[PDB]
Every structure is written in structure tokens, then in C-alpha cells.
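Chemist: Give me coordinates for this.
(chains A, B, C, D, E, F, G, H, I and J)
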Amino acid sequence: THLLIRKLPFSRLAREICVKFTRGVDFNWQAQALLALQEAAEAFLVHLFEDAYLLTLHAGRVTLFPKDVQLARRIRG
Amino acid sequence: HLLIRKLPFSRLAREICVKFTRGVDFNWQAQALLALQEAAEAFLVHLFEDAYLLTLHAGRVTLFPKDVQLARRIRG
Amino acid sequence: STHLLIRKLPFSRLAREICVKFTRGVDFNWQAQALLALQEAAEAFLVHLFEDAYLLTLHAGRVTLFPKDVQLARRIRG
Amino acid sequence: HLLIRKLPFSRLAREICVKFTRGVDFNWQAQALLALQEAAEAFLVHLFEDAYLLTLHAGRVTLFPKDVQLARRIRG
Amino acid sequence: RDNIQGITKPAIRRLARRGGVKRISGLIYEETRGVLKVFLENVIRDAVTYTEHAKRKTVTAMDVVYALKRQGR
Amino acid sequence: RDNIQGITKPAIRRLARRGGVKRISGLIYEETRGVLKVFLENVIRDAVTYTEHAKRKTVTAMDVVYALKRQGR
Amino acid sequence: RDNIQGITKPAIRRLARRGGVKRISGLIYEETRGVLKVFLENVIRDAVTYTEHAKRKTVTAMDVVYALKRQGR
Amino acid sequence: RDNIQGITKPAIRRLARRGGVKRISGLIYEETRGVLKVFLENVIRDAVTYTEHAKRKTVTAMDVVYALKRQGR
DNA sequence: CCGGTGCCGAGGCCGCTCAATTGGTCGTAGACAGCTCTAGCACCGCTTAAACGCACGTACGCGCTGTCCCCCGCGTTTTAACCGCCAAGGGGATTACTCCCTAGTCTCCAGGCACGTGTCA
DNA sequence: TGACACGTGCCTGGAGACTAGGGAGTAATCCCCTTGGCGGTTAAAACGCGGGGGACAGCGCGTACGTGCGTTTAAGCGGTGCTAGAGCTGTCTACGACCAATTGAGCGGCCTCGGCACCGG
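Modeler: Numbering: from 1, shown residues only, chains lettered A, B, ... in the order given. Okay, here it is:
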């Protein structure tokens, strides 16, 4: 249940996107906030991989492709 | 522009209403029956479209039931 | 995963016996497709119950399923 | 006779209503708020006794969050 | 006949044509019928509940619209 | 022999394997048999009621489907 | 203060006492608050939908009863 | 380096391992990075709106929770 | 009208897994064919959408009434937040143990079939 | 009256039961620190009187508004027999692309400090 993405790169990326949305104005991020955001992104990516692997096993192939994730996203909506 | 015949779908909708109302048969307005039939049509068409997206992905031309089932599983 | 895990003839025998028990001596013709559907459903329910009971067994330190691990699962589920 | 206070739960229910009404807040009939609070407290009590069934079976005496989570998973 | 069977095979084929599918397996019709029944069951259950809330005996178009809203996205 | 014993130990083991369990206590088989019997009793009771409602003497697949619907979720 | 914290720790402790639990972890309170919020969200959403169906501006006890029926068993 | 590249290939592989996948194409990493960026953009946008609505300079955990609620189911 | 909380940047250490390179191998897209199954042509039944009257249950809008929601004060009130002491226990480690995992073999049977027989709306 | 289920019979591989082997997860225990439970306290949000104000739910009634029906029909539509051909699936193959493993090391995480940004009692 631990994070598999290291906390500092993900913190960098999150702060970068918050910078983009705020025209560069820096809104400080609490530790629990970044922790929850990383938890949610991790869970979302894991569920997307379980869906893309459902696609892959439906296609008979054993390896994910750039296609099985795009199709999982398209079908999920 | 209804693809399913009107009276069979009316029969089925009233059957299910009798199921859920425990014996009491509600008067179904024609507007309600058409809205329900249009919604069911659109839902089935979208499900077929997603199932064909699955089947073409799996290197086939005929959609089997297992990919309608997989589409339903993915959509949630 | 789809193939039936229980032998068809003993389960059909048990289904017919339980059918006799309720109507008190009336033998109903049991359509073979009804037997197949009932067996599919019974096996699916059993597999799901074992899944939840193993979720309960994983909670405690043990790795082996017990009777109470199923009884508590049935009590919690309903 | 309810354990949770009337006014905090009232305020929380009103906030959750505003969430789902796009900012317009409906007047809550006091009897409706009372019934909702009774239902919430009964659900919480049942969840707690299920979680204690789970934790007693785990060899422990103190309730844990994972106990409630597993109870929620098993129930549905 | 059974009442679910009134939604005939050519109707499912036409719906599938509108969905853009070119070829159709024989078992899909039966599966589709089951799926449709499930959908209808859910929607109609909600519609009837709304009808009971409105203290009416006639399911209205608004009942169906609310059922569909609360059922599908 | 008793009729419940025809569902042998390896069948319950295979069902348990499909349920993802790695190890199995000796008493579970007996308990599981009881559980299954209870389930069957309920489902079959509902199926038979439907059969009597349909004024038939042959339990159909639809009878079982309705029993399962009205019994489990 | 935030509004979810108004359901104080001793209230959750009392609910737990009614549930028969003798000892309580510090984190359960936070988790319970989340669970309760989820429950309320669902129930209130359904209640408000019913209110809109009735063309009313006041949520009534009947709205809540119907929401509870359609949400929990 | 680019800041999006700090989420290295082994991290995506580990997430995929948790997702149960046995083999991984070389291009998936790039696609996954794009997908993740999109997700983060959406969530963070909502979080910041909540923060600006409260007229504060600190993104709290509750802001993130609200963003997640309003973004995913 | 200043203040406690928290982030950004920096100095600096460990640590531990990141990238690359090797080998092994594998599994999958293309090709090829038997099968099969299916979309369509053509016939014949069929049953359904709309049109007549026809009566009729009742949905909805309008109006009147009360009635409880929202509001605040406010006296009380009572118990939540906090702190500190007491002690129950979660669990990590330790030691014993016993009973269920493999599994080959002797033995029972599932069912595929082939048949005959009785049964019901 | 015609399609569908129930009891006999074979047998052949497919499966059920036993014990030989054993080891590894299951059961009982100690203490160490953690961390809930309880004694004191006060005030700060809760909760009933009480005026008060009224927006709005609930109920009654009229009216036409849409439901269900008797009956047709015919004509577009459905069930079906047969057919030609196009795809599913079973199988061979071979080669680009993956997984395991080790080695230099490069960035994360913990440790700590200087600096300010800021809604707020």
C-alpha cells in the first residue's frame, strides 16, 4: 500500500501543473495534500493497467501496447 | 425511427413494471413508453459500438458475446 | 473458469431430492437447461463465498480456511 | 434519543445538499433531518458491530480502520 | 411465446447495424436480450419508485427522465 | 449412501481453488455442504413456486432464472 | 473549522459503544468520518432528486424515506 | 531533464506489476506518462479552484479530496 | 497589529535501486486451409401502427389554509478538548506440533450413446 | 396429439480415497513500548422557552388530457429453406522484442538551518 512513485519527482510534477494553472503564482501544497494526490494518481494508474491488461488478454497477446491503454480510456469514457 | 417494434417493448416494459410493483399494474403513458424505448435503443447501440471497438481490436470481424460482456465489465 | 467444477449427475440428483422435499412427493420434470443454470449459479455462489471467506482468513494470521471463516462471512453478508 | 448532536449533523447535511443542488439550498423539514440522522446513526452502529465481529475473529480487542474497510468490502 | 422473445432477432440486428457492426454471432441475440432486460429492470424500478413518490398511478415521461438520470450517467 | 455426500471432497476443493484459497481445513467440506444445501433449498423453493404459478409440471430455465433473481441480488 | 469535524470524537466513540466495541484506534475516527460522509452524500443525492421530482423546495420526511429505501436494502 | 521524465521507467513498471501485468511494451511508458499528466492536470485544476474559492494560498488535503470527488466518480 | 505554521532553497550523507549491457527465449503476426455459419434471395404468413368511435381514469393547475422552517435572543447546561496518570494490549519474536500438501495406485463412476417407456397443455 | 423427460446397460478414460513422506503454517507465551480509558475542569457550542415572520407543503376541486379498448388492414415486417462465400479457428514458423542479473552511480529521503508568505485573535 506504499507509494511506488518516489515522492519528490511527483511533488515536482504536481507543483509544475499547479504553476501552469495559476500563471506561475505558487500555491503551497500541504504534505497530506500531495500524499493524497499521489495516492489517487497511483490508484488510477493501477486500475487503468488492470483494464489495459483485460484488453490485452482479450486480444490474446501477453504484453500491453500503446493501443490497449488508449482503448481502455476510450471505453471507460 | 424506432428500431425495436413498439408493442413488444411495451409488453416487456409493463411486465417488468408488474414485477417491481408487486401486482399493481400502473397506467403507462405513451410519452413514457417512447422515452424508455428510445433510451433502451440508445444504450444498446452504444454497447454494440463499444463491443465492436473490442472485436476489431482482437483481430476479428464478428462480435462474440464475450466482448459485449467485457465492454460491460470495463464500463462499470 | 467457466467449466462446471461439480459433477452434473450427483448435483442433479441432489436438486431433484430437494425439489421432492418441498412439494412433499410431487416429481416435477426438471429441464436439463434448468439443471445447467442452477449448477452454474450454485458453483458461482460457492466460489464467491470461498473468496469472501478467504478475505476473512487473510485478515487473521492464518492462511488456511476454517468453518468459522465461512460462518462469519455468511453472517456479515446477510 | 440520538448520539450525534442535532446541529452539527444538520449543518453537514445542508452542506452535502448544497453540493448536489449547484449552490441553491432547499429548506430541510426538521422531521426529514431527524429521520436522516436516525438512519445515519443506525448504519454507523451496524457497521461498527460488523467490524467488531471482524476484529474479535482476528484475535484483537481494539477496532481498526482496516476492520471497517474489510467489513464494507464483504457486505457490498 | 415468452414476452422477452417479442424483441425479435431482426430488431437486434438493426440496432447492431446502427452500432456500426458488420457481422453478428448467433448467441449474441440471447445475450443482448438478457442485457437489455437488466437495463430495463433497473430503469423501470426507479421510474416506479418515483411514481409512488408522486402519489400517482400513471408513470409519466418525467418519471422516466428522472429514472434515466439517476441510473445512467 | 446419503445424497449430499455425492458432492465429493475434491469437488469442494476445486471450487475452493477457483475461489483462490491455497489451503483447506478438513471440516470445511461438511460445513460447505450444509451451506450449499441451504442455498439450493431456497432457490429450488422459489423455482417451484414459479412453476406452480405458470401452471406447468416441468421446471423451465426461466423458472430457475426468476428464482435466482428473487433470491440473490 | 471544517464542517465534518463537528461530528466530534466522543460522538463516534458513543456510536462505537452502541456497536459493542470495547477499544478504539485513533485512526478509526477519521476513517469513520469519511465513511459517514459517503453514506450521507448518496442518501442526500437521492433525497434531493426526489424533491425535484415533487416540484418542491422543501425536502420532506417522505423524500428521505424513499432515498433510504432506494439506497439501503 | 524534463520534469515529467522524473517518473522513471521502473516506477511505471512497478505500478504495472501491481496491476498484474507480466510483460510491458517499451512505448507504454511514454503513453502512461501522458495519461498521468492529463489526470493530474484535471485534478490539480479542480483543487486550485477550491483553494482560490476559499481565497487561500495553501492547497490543503481537503481541497484535493474535493477535487478527486468532483473528478472521479 | 504583530505571530505561529509551513514551504523553498541550500549544505550534505547514506543507500539503494536506475541505466546499460549481456544472454535466453518466446510468442505472435503472417501464411494456409477445413469448417462453419451467416447475410442474403425468395415465399408465405402475421401482426402492428394508425385510424374511426367510445367511454373514462385522472394529471395538472389554481386556489385556500395552516404550519412548520428560518430567525434570533437567551438562559441554562453540559459535556468536548485538553492534560496527565494508570494500565490493557499489538505484536514481534520464540518454541513446539500436527495435519494437510504432493501423488501413485486401486477402485468407482460421468457421460456419450442407444434404447425403451411414460407424460401434459 | 407430439415433443420432452426418466430408468437400464457398457465402458473407458477420467476421476475419488489412502496412505508414505514432511514441513510449514498453526497454536501458546513474554514483554516492551505504545496508546487507549479514566479523573478534573471550564467554557463554548447545544438546546429548549418565546415572539415573529412567513414561504411553502398539503388538500380540495374543475377540466380537459391523455389511456385503454372494439375492430380493420394491409403491408411492411418476421420466420424460414436454401445457397454461395467470407471469416474463425487449428496449426507452422521464425525473428524482433521482452525478461533476469550485475555493475558504476545519481537522485531520493532523512537531518538540519536560513529566509519569507500569510490569514488571522
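
Chemist: I'd like to know which elements the lengthiest helix in chain A is packed against.
Modeler: The longest helix of chain A (DSSP state H) is helix A:31-58. The criterion is 3 or more Cβ pairs under 8 Å, 6 or more residues apart in numbering or on different chains; DSSP states H and E, and the helices and strands that helix A:31-58 contacts are helix A:7-21, helix A:66-76, helix B:30-57, helix B:65-75, helix H:9-18, helix H:28-53, helix H:61-71. For the C-beta atoms, the positions are set from N, CA and C on the backbone; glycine is no exception.

Chemist: Excluding chain neighbours, what is closest to the residue nearest the centre of chain E?
Modeler: Nearest residue to the geometric centre of chain E (Cα atoms, centre = their mean): residue E:40, 3.6 Å. Ranked by Cβ to Cβ, 6 or more residues apart in numbering or on different chains and with sequence neighbours excluded, the top spatial neighbour of residue E:40 is residue B:16, at 5.4 Å.

Chemist: Would you mind measuring from the one you found to residue A:18?
Modeler: 50 Å (Cβ to Cβ, to the nearest Å).

Chemist: TSV for the helices and strands packed on helix A:31-58, including distance to residue E:32?
Modeler: Listed next are the helices and strands packed on helix A:31-58 as TSV, based on distance: least, Cβ to Cβ, whole Å:
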stretch	distance to residue E:32
helix A:7-21	43
helix A:66-76	18
helix B:30-57	7
helix B:65-75	7
helix H:9-18	34
helix H:28-53	32
helix H:61-71	33
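
Chemist: Which one, of those helices, ends up nearest to residue F:22?
Modeler: Taking Cβ to Cβ, helix H:9-18 is the member of these nearest to residue F:22, at 20.4 Å.

Chemist: and the closest one with helix A:31-58, angle?
Modeler: If you take axes from the mean of the first three to the mean of the last three Cα atoms, to 10 degrees, helix H:9-18 sits at 70 degrees to helix A:31-58.

Chemist: in helix H:9-18, what counts as buried?
Modeler: By neighbour count on 16 or more other Cβ atoms under 10 Å in any protein chain shown, the buried set for helix H:9-18 is H:11-12, H:15-16.

Chemist: Out of those, the closest to residue H:27 would be?
Modeler: Of the buried residues of helix H:9-18, the one sitting nearest to residue H:27 (Cβ to Cβ) turns out to be residue H:12, at 11.4 Å.

Chemist: The closest one contacts residue H:31, correct?
Modeler: No: Residue H:12 is not in contact with residue H:31 according to Cβ atoms under 8 Å; the separation is 9.7 Å.

Chemist: most distant residue from the middle of chain E?
Modeler: Going by Cα atoms, centre = their mean, the residue of chain E most distant from its centre is residue E:55, 24.5 Å out.

Chemist: Against residue A:51, how distant is the residue of chain A found nearest chain C?
Modeler: For chain A, the residue closest to chain C is residue A:57, as judged by Cβ to the nearest Cβ, at 11.8 Å. From residue A:57 across to residue A:51, the span is 11 Å (Cβ to Cβ).

Chemist: which one of those two has more residues nearby?
Modeler: residue A:51 (22 against 14; other Cβ atoms under 10 Å in any protein chain shown).

Chemist: Keeping just the C-alphas, turn stretch A:7-18 into PDB.
Modeler: Provided in PDB are the C-alpha atoms of stretch A:7-18 (Å, rounded to 0.1, in the frame of the first residue of the first chain):
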ATOM      1  CA  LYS A   7       7.600  11.400  -3.600                       C
ATOM      2  CA  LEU A   8       9.900  14.100  -4.800                       C
ATOM      3  CA  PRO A   9       9.500  13.700  -8.600                       C
ATOM      4  CA  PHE A  10       5.700  13.500  -8.200                       C
ATOM      5  CA  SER A  11       5.800  16.600  -5.900                       C
ATOM      6  CA  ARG A  12       7.800  18.400  -8.600                       C
ATOM      7  CA  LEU A  13       5.300  17.500 -11.300                       C
ATOM      8  CA  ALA A  14       2.300  18.400  -9.200                       C
ATOM      9  CA  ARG A  15       3.800  21.800  -8.300                       C
ATOM     10  CA  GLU A  16       4.600  22.300 -12.000                       C
ATOM     11  CA  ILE A  17       1.000  21.700 -13.000                       C
ATOM     12  CA  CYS A  18      -0.300  24.000 -10.200                       C
END
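
Chemist: and the residue of chain E found nearest chain D, what does it touch?
Modeler: Nearest to chain D, among the residues of chain E, is residue E:70, at 11.5 Å (Cβ to the nearest Cβ). Counting by Cβ atoms under 8 Å, 6 or more residues apart in numbering or on different chains, residue E:70 touches E:46, G:46, G:49.

Chemist: Which residues of chain A lie near DNA strand J?
Modeler: Remark: the part of chain A in contact with DNA strand J comprises A:6-9, A:12, A:63, using Cβ under 7 Å from any atom of the strand.

Chemist: filter those to the buried ones?
Modeler: Buried among these by 16+ other Cβ under 10 Å: residue A:9.
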